[PDB]
file upload-v3.cif (mmCIF, C-alpha atoms and all ligand atoms)
data_model
#
loop_
_atom_site.label_atom_id
_atom_site.label_comp_id
_atom_site.auth_asym_id
_atom_site.auth_seq_id
_atom_site.Cartn_x
_atom_site.Cartn_y
_atom_site.Cartn_z
CA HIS A 3 -60.03 5.08 -120.22
CA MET A 4 -58.88 6.99 -123.32
CA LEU A 5 -61.54 9.73 -123.07
CA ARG A 6 -60.76 10.50 -119.40
CA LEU A 7 -57.53 11.82 -117.87
CA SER A 8 -57.66 10.90 -114.21
CA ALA A 9 -54.10 10.75 -112.94
CA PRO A 10 -52.17 13.39 -110.96
CA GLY A 11 -49.70 15.50 -112.91
CA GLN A 12 -49.79 17.17 -116.29
CA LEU A 13 -53.07 17.06 -118.24
CA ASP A 14 -52.41 19.60 -121.02
CA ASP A 15 -49.69 22.11 -121.92
CA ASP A 16 -51.09 24.59 -119.38
CA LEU A 17 -52.94 22.31 -116.97
CA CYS A 18 -52.05 19.98 -114.10
CA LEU A 19 -54.05 17.90 -111.63
CA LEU A 20 -52.97 18.29 -108.00
CA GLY A 21 -53.89 15.97 -105.17
CA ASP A 22 -56.53 13.24 -105.18
CA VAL A 23 -58.42 12.75 -108.45
CA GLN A 24 -61.63 12.32 -106.43
CA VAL A 25 -61.30 15.87 -105.00
CA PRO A 26 -58.75 17.48 -107.32
CA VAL A 27 -57.24 20.94 -107.50
CA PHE A 28 -56.35 22.09 -111.01
CA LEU A 29 -53.27 24.21 -111.66
CA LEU A 30 -53.27 26.62 -114.63
CA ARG A 31 -49.97 27.98 -115.95
CA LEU A 32 -50.78 31.57 -116.97
CA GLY A 33 -47.26 32.68 -117.88
CA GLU A 34 -43.61 32.28 -117.01
CA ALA A 35 -44.27 33.68 -113.52
CA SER A 36 -48.03 33.38 -113.01
CA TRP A 37 -50.36 30.53 -112.03
CA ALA A 38 -53.99 29.93 -111.07
CA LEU A 39 -55.80 27.23 -109.11
CA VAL A 40 -59.32 25.97 -109.88
CA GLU A 41 -61.50 24.12 -107.30
CA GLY A 42 -60.83 24.32 -103.57
CA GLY A 43 -60.86 20.69 -102.35
CA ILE A 44 -61.08 19.26 -98.82
CA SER A 45 -59.14 20.56 -95.82
CA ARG A 46 -57.37 17.28 -94.95
CA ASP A 47 -55.59 17.32 -98.34
CA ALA A 48 -53.80 20.61 -97.58
CA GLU A 49 -50.30 19.14 -97.26
CA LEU A 50 -50.77 16.73 -100.17
CA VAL A 51 -51.94 19.49 -102.52
CA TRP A 52 -49.20 21.81 -101.24
CA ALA A 53 -46.54 19.18 -101.90
CA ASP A 54 -47.86 18.65 -105.43
CA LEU A 55 -48.07 22.40 -106.05
CA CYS A 56 -44.45 22.97 -105.04
CA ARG A 57 -43.31 20.41 -107.60
CA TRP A 58 -44.59 22.66 -110.39
CA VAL A 59 -44.36 26.12 -108.76
CA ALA A 60 -40.96 27.04 -107.34
CA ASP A 61 -42.25 30.41 -106.06
CA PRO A 62 -45.73 30.23 -104.48
CA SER A 63 -46.01 34.02 -104.58
CA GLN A 64 -46.63 33.44 -108.31
CA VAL A 65 -50.05 31.85 -107.64
CA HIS A 66 -52.33 34.80 -108.42
CA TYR A 67 -55.91 33.44 -108.66
CA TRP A 68 -58.01 30.69 -107.07
CA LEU A 69 -61.34 30.03 -108.84
CA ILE A 70 -64.16 28.45 -106.81
CA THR A 71 -67.29 26.87 -108.28
CA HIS A 72 -69.39 26.66 -105.11
CA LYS A 73 -69.58 26.71 -101.30
CA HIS A 74 -69.83 22.97 -100.63
CA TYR A 75 -67.30 21.74 -98.07
CA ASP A 76 -65.43 19.66 -100.67
CA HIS A 77 -64.89 22.64 -103.01
CA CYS A 78 -63.48 25.25 -100.63
CA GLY A 79 -61.98 23.25 -97.74
CA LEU A 80 -58.37 24.11 -98.63
CA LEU A 81 -58.73 27.89 -98.68
CA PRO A 82 -58.04 28.78 -95.00
CA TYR A 83 -55.03 26.42 -94.95
CA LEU A 84 -53.28 27.22 -98.23
CA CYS A 85 -54.16 30.88 -98.79
CA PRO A 86 -51.76 31.97 -95.99
CA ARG A 87 -49.05 30.16 -98.00
CA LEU A 88 -50.04 32.00 -101.22
CA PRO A 89 -49.36 35.67 -100.39
CA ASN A 90 -50.47 37.04 -103.78
CA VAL A 91 -53.52 34.85 -104.42
CA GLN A 92 -56.96 36.32 -105.09
CA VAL A 93 -59.92 33.99 -104.48
CA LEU A 94 -62.56 34.41 -107.20
CA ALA A 95 -66.04 33.23 -106.26
CA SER A 96 -69.65 34.16 -106.83
CA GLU A 97 -71.44 36.67 -104.61
CA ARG A 98 -73.46 33.96 -102.87
CA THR A 99 -70.39 31.74 -102.42
CA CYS A 100 -68.56 34.64 -100.76
CA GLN A 101 -71.61 35.16 -98.54
CA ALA A 102 -71.36 31.56 -97.31
CA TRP A 103 -67.86 32.27 -95.94
CA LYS A 104 -69.12 35.17 -93.79
CA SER A 105 -71.97 33.05 -92.38
CA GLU A 106 -71.17 31.61 -88.95
CA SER A 107 -73.56 28.68 -89.38
CA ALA A 108 -72.39 27.86 -92.91
CA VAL A 109 -68.70 27.91 -91.94
CA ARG A 110 -69.64 25.54 -89.10
CA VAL A 111 -71.07 22.94 -91.49
CA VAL A 112 -68.04 23.21 -93.80
CA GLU A 113 -65.59 22.72 -90.93
CA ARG A 114 -67.51 19.81 -89.37
CA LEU A 115 -67.75 17.98 -92.70
CA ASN A 116 -64.04 18.52 -93.39
CA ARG A 117 -63.03 17.48 -89.86
CA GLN A 118 -64.80 14.13 -90.38
CA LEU A 119 -62.28 13.47 -93.19
CA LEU A 120 -59.18 13.99 -91.04
CA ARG A 121 -57.16 10.91 -90.26
CA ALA A 122 -56.44 10.40 -86.56
CA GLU A 123 -52.77 11.09 -87.29
CA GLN A 124 -52.93 14.44 -89.01
CA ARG A 125 -53.15 18.03 -87.80
CA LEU A 126 -54.21 20.86 -90.10
CA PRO A 127 -51.95 23.83 -90.98
CA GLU A 128 -52.46 27.19 -89.32
CA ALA A 129 -55.61 28.62 -90.88
CA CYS A 130 -56.74 32.15 -91.51
CA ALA A 131 -60.28 33.22 -90.71
CA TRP A 132 -62.94 32.36 -93.27
CA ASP A 133 -64.09 35.99 -93.32
CA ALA A 134 -60.46 37.09 -93.92
CA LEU A 135 -59.89 35.18 -97.16
CA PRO A 136 -58.55 37.36 -100.00
CA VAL A 137 -61.72 37.12 -102.11
CA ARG A 138 -63.06 39.09 -105.06
CA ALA A 139 -66.70 38.38 -105.88
CA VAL A 140 -67.39 37.63 -109.54
CA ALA A 141 -70.68 38.05 -111.40
CA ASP A 142 -72.60 36.01 -113.97
CA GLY A 143 -71.12 36.66 -117.41
CA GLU A 144 -67.95 38.38 -116.16
CA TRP A 145 -64.77 37.77 -118.14
CA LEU A 146 -61.79 36.72 -115.99
CA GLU A 147 -58.62 37.98 -117.71
CA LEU A 148 -56.24 35.66 -115.90
CA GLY A 149 -53.28 36.00 -118.26
CA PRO A 150 -52.35 36.73 -121.88
CA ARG A 151 -53.57 33.29 -123.03
CA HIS A 152 -56.23 32.60 -120.36
CA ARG A 153 -59.66 34.25 -120.57
CA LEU A 154 -62.49 32.48 -118.69
CA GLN A 155 -66.14 33.51 -118.50
CA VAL A 156 -68.17 33.09 -115.30
CA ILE A 157 -71.47 31.33 -116.02
CA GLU A 158 -74.16 31.05 -113.37
CA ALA A 159 -75.16 27.42 -113.00
CA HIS A 160 -77.53 27.16 -110.02
CA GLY A 161 -79.45 24.00 -109.12
CA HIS A 162 -76.85 21.70 -107.63
CA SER A 163 -76.49 24.50 -105.08
CA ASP A 164 -77.96 27.98 -105.03
CA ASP A 165 -74.53 29.64 -105.52
CA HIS A 166 -72.92 27.35 -108.14
CA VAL A 167 -71.04 28.84 -111.12
CA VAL A 168 -68.91 27.35 -113.91
CA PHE A 169 -65.86 28.73 -115.74
CA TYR A 170 -65.58 28.53 -119.53
CA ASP A 171 -62.31 28.92 -121.46
CA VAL A 172 -63.61 29.45 -124.97
CA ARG A 173 -60.13 29.55 -126.52
CA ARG A 174 -59.68 25.93 -125.34
CA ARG A 175 -63.35 24.84 -125.50
CA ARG A 176 -62.73 23.95 -121.84
CA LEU A 177 -65.44 24.01 -119.16
CA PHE A 178 -64.72 23.75 -115.43
CA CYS A 179 -68.25 22.63 -114.58
CA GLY A 180 -68.00 21.82 -110.86
CA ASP A 181 -70.93 19.62 -109.77
CA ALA A 182 -73.50 21.12 -112.17
CA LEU A 183 -73.61 18.00 -114.38
CA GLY A 184 -73.54 15.64 -111.40
CA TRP A 185 -70.95 12.98 -110.65
CA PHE A 186 -69.45 11.08 -113.58
CA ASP A 187 -69.59 7.35 -112.71
CA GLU A 188 -66.47 6.00 -114.41
CA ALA A 189 -67.86 2.50 -113.84
CA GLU A 190 -70.99 2.72 -116.05
CA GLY A 191 -69.79 5.73 -118.09
CA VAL A 192 -72.75 7.99 -117.19
CA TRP A 193 -73.55 11.04 -115.09
CA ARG A 194 -75.27 10.64 -111.74
CA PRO A 195 -77.44 13.69 -110.93
CA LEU A 196 -76.55 15.82 -107.90
CA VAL A 197 -79.66 17.92 -107.39
CA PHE A 198 -79.31 19.29 -103.86
CA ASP A 199 -81.06 22.66 -104.23
CA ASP A 200 -83.47 23.16 -107.17
CA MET A 201 -84.32 20.74 -109.99
CA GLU A 202 -85.76 23.34 -112.38
CA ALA A 203 -82.64 25.50 -112.01
CA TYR A 204 -80.37 22.45 -112.43
CA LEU A 205 -82.07 21.47 -115.70
CA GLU A 206 -82.17 25.10 -116.91
CA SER A 207 -78.44 25.41 -116.22
CA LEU A 208 -77.74 22.29 -118.29
CA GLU A 209 -79.87 23.65 -121.19
CA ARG A 210 -77.78 26.83 -121.23
CA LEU A 211 -74.51 24.91 -120.96
CA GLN A 212 -75.51 22.83 -124.00
CA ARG A 213 -75.69 26.03 -126.03
CA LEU A 214 -71.96 26.71 -125.48
CA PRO A 215 -69.66 26.08 -128.46
CA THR A 216 -68.85 22.37 -128.69
CA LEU A 217 -66.62 21.39 -125.76
CA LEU A 218 -63.23 19.72 -126.15
CA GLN A 219 -62.46 19.35 -122.42
CA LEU A 220 -64.99 18.99 -119.59
CA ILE A 221 -63.63 19.19 -116.05
CA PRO A 222 -66.11 18.48 -113.23
CA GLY A 223 -65.49 18.85 -109.52
CA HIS A 224 -64.70 15.13 -109.15
CA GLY A 225 -62.93 12.49 -111.20
CA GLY A 226 -60.55 14.24 -113.59
CA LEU A 227 -60.74 15.59 -117.13
CA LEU A 228 -63.17 14.35 -119.81
CA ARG A 229 -62.44 14.76 -123.52
CA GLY A 230 -63.74 13.63 -126.91
CA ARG A 231 -67.42 12.73 -126.99
CA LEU A 232 -67.71 12.80 -123.18
CA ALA A 233 -66.92 16.51 -123.25
CA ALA A 234 -68.98 17.29 -126.37
CA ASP A 235 -72.08 15.46 -125.08
CA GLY A 236 -71.60 16.04 -121.34
CA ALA A 237 -74.22 18.69 -120.59
CA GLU A 238 -76.79 16.87 -122.74
CA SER A 239 -76.07 13.48 -121.12
CA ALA A 240 -76.28 14.98 -117.63
CA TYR A 241 -79.66 16.48 -118.53
CA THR A 242 -80.86 13.12 -119.86
CA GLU A 243 -79.71 11.27 -116.73
CA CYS A 244 -81.55 13.72 -114.45
CA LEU A 245 -84.82 13.21 -116.34
CA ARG A 246 -84.20 9.48 -116.21
CA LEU A 247 -83.90 9.69 -112.42
CA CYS A 248 -87.12 11.74 -112.16
CA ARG A 249 -89.02 9.12 -114.17
CA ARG A 250 -87.63 6.30 -112.04
CA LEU A 251 -88.70 8.21 -108.93
CA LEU A 252 -92.24 8.77 -110.20
CA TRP A 253 -92.43 5.15 -111.37
CA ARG A 254 -91.51 3.65 -108.00
CA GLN A 255 -93.42 6.16 -105.89
CA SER A 256 -96.55 5.23 -107.83
CA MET A 257 -95.85 1.62 -106.86
CA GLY A 258 -96.06 2.60 -103.18
CA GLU A 259 -92.29 2.84 -102.60
CA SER A 260 -91.17 5.34 -99.96
CA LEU A 261 -88.39 7.82 -100.68
CA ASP A 262 -86.27 6.17 -97.97
CA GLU A 263 -86.72 2.84 -99.78
CA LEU A 264 -85.59 4.30 -103.10
CA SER A 265 -82.80 6.30 -101.43
CA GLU A 266 -81.47 3.00 -100.07
CA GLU A 267 -81.80 1.27 -103.45
CA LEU A 268 -80.14 4.01 -105.49
CA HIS A 269 -77.35 4.45 -102.94
CA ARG A 270 -76.73 0.71 -103.24
CA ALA A 271 -77.04 0.49 -107.03
CA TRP A 272 -74.62 3.40 -107.53
CA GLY A 273 -71.94 1.74 -105.39
CA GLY A 274 -72.34 3.32 -101.94
CA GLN A 275 -71.39 0.13 -100.08
CA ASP A 278 -65.02 5.45 -100.76
CA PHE A 279 -66.54 4.85 -104.21
CA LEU A 280 -69.26 7.52 -104.36
CA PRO A 281 -68.17 11.14 -103.80
CA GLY A 282 -68.23 12.27 -100.19
CA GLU A 283 -71.24 14.51 -100.84
CA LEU A 284 -73.41 11.64 -102.19
CA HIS A 285 -74.40 9.48 -99.20
CA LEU A 286 -77.74 8.08 -98.04
CA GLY A 287 -78.78 11.35 -96.40
CA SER A 288 -77.98 13.60 -99.36
CA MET A 289 -79.41 11.03 -101.77
CA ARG A 290 -82.60 11.18 -99.71
CA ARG A 291 -82.44 14.98 -99.94
CA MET A 292 -82.15 14.96 -103.73
CA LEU A 293 -85.09 12.55 -104.09
CA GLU A 294 -87.14 14.80 -101.82
CA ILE A 295 -86.31 17.73 -104.09
CA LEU A 296 -87.22 15.81 -107.26
CA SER A 297 -90.44 14.50 -105.69
CA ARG A 298 -91.63 18.00 -104.76
CA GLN A 299 -90.87 19.56 -108.16
CA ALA A 300 -92.84 16.77 -109.88
FE FE B 1 -71.30 20.04 -104.53
FE FE B 2 -68.66 18.11 -104.82
#

call {"tool": "encode", "arguments": {"input": "upload-v3.cif", "output": "structure tokens"}}
result
Amino acid sequence: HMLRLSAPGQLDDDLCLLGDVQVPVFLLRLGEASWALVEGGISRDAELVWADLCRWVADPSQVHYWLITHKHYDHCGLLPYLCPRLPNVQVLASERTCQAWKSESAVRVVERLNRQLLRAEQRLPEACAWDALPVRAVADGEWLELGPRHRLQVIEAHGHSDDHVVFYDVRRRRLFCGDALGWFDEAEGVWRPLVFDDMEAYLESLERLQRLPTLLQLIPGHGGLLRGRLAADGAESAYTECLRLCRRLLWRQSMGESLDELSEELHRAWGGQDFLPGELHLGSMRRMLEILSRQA
């Protein structure tokens, strides 16, 4: 579709999509000899993303930054496998995201979920320890001076997860929004909410993101780049779709429907029977509905 760029390769003068559009890694060209990556993908894509990267970057020591929106397994799975191959990279993540990588139990969930995505054929590259990643914690509101033409602000955007941040390039009216708006369903053309931590924070984050200067490019954690009206109206539409889901929940609960019943229905109606993102399955759908039920 015209308003959505969802193919691997070049997306803008400074911007490329690496790997699988469902779990993409974005490549920013910061200068003649300087690059950044945005989003951290899934572990099993290490060699695919590496192969794509080397088509654009002849010298991987020129990759200087890796920006991470949140701790979910599908947004940091590549780090232990590709960081050893990027000797100059600095991983930029929020305080709470960095904390997840020094938690034994959290690292265990991330690795189990990523291992489930391995094909029987493949073996992962040699990994460095999660607590040995070259990370620099970034704070809410901090300006990331990545290069002479790349200045991105860190914006706290909790609610999808308790650590989630977004990255705003105001020069380009470009927002890397992770999962904070949900999952864009390219079938129906609408956002599907992904409220896995706190509904009030998720909605509050979307209110603040609507107050940004009008977006030209909106780049979520899954599905590629959105432009035109999809970017300009994205945060508002995601807010609307979350309220719409709340109302549907309260409607059907008050007709005696159990959450498991509605979890099944919604999972079906959104296409769950590799269409939905890996993080939106019956169990996590059930978790989101639980969260919305409690906060309403
Ligand atoms: Fe997520
Ligand atoms: Fe995700």

call {"tool": "residues_around", "arguments": {"input": "upload-v3.cif", "residues": "residue 203 in chain A", "least_positions_apart": "4", "cutoff": "12 Å", "atoms": "all atoms listed in the file", "output": "JSON, numbers by chain"}}
result
{"A": [158, 159, 160, 161, 162, 163, 164, 165, 166, 182, 183, 197, 198, 199, 207, 208, 209, 210, 241, 295, 296, 299]}

call {"tool": "closest_residue", "arguments": {"input": "upload-v3.cif", "among": "A:93, A:157, A:19, A:44", "to": "ligand FE 1 (chain B)", "atoms": "only C-alpha atoms and all ligand atoms"}}
result
A:44

call {"tool": "atom_distance", "arguments": {"input": "upload-v3.cif", "atom1": "CA of residue 29 in chain A", "atom2": "CA of residue 55 in chain A"}}
result
7.9 Å

call {"tool": "closest_atom_pairs", "arguments": {"input": "upload-v3.cif", "of": "chain A", "to": "ligand FE 2 (chain B)", "cutoff": "9 Å", "atoms": "only C-alpha atoms and all ligand atoms", "output": "Markdown table"}}
result
| residue | atom | partner | partner_atom | distance |
| --- | --- | --- | --- | --- |
| A:25 | CA | B:FE2 | FE | 7.7 |
| A:43 | CA | B:FE2 | FE | 8.6 |
| A:72 | CA | B:FE2 | FE | 8.6 |
| A:74 | CA | B:FE2 | FE | 6.5 |
| A:75 | CA | B:FE2 | FE | 7.8 |
| A:76 | CA | B:FE2 | FE | 5.5 |
| A:77 | CA | B:FE2 | FE | 6.2 |
| A:180 | CA | B:FE2 | FE | 7.1 |
| A:181 | CA | B:FE2 | FE | 5.7 |
| A:184 | CA | B:FE2 | FE | 8.6 |
| A:185 | CA | B:FE2 | FE | 8.1 |
| A:196 | CA | B:FE2 | FE | 8.8 |
| A:222 | CA | B:FE2 | FE | 8.8 |
| A:223 | CA | B:FE2 | FE | 5.7 |
| A:224 | CA | B:FE2 | FE | 6.6 |
| A:281 | CA | B:FE2 | FE | 7.1 |
| A:282 | CA | B:FE2 | FE | 7.5 |
| A:283 | CA | B:FE2 | FE | 6.0 |
| A:284 | CA | B:FE2 | FE | 8.4 |

call {"tool": "closest_residue", "arguments": {"input": "upload-v3.cif", "among": "A:54, A:113, A:41, A:263", "to": "residue 68 in chain A", "atoms": "all atoms listed in the file"}}
result
A:41

call {"tool": "atom_distance", "arguments": {"input": "upload-v3.cif", "atom1": "CA of residue 215 in chain A", "atom2": "CA of residue 145 in chain A"}}
result
16.3 Å

call {"tool": "closest_residue", "arguments": {"input": "upload-v3.cif", "among": "A:119, A:141, A:108, A:179", "to": "ligand FE 1 (chain B)", "atoms": "only C-alpha atoms and all ligand atoms"}}
result
A:179

call {"tool": "closest_residue", "arguments": {"input": "upload-v3.cif", "among": "A:109, A:293, A:240, A:7", "to": "residue 254 in chain A", "atoms": "only C-alpha atoms"}}
result
A:293

call {"tool": "closest_residue", "arguments": {"input": "upload-v3.cif", "among": "A:297, A:14, A:194, A:71", "to": "residue 268 in chain A", "atoms": "only C-alpha atoms"}}
result
A:194

call {"tool": "atom_distance", "arguments": {"input": "upload-v3.cif", "atom1": "CA of residue 169 in chain A", "atom2": "CA of residue 39 in chain A"}}
result
12.1 Å

call {"tool": "axis_aligned_box", "arguments": {"input": "upload-v3.cif", "around": "range 18-23 of chain A", "padding_each_side": "3 Å", "output": "JSON"}}
result
{"center_x": -55.2, "center_y": 16.4, "center_z": -109.6, "size_x": 12.4, "size_y": 13.2, "size_z": 14.9}
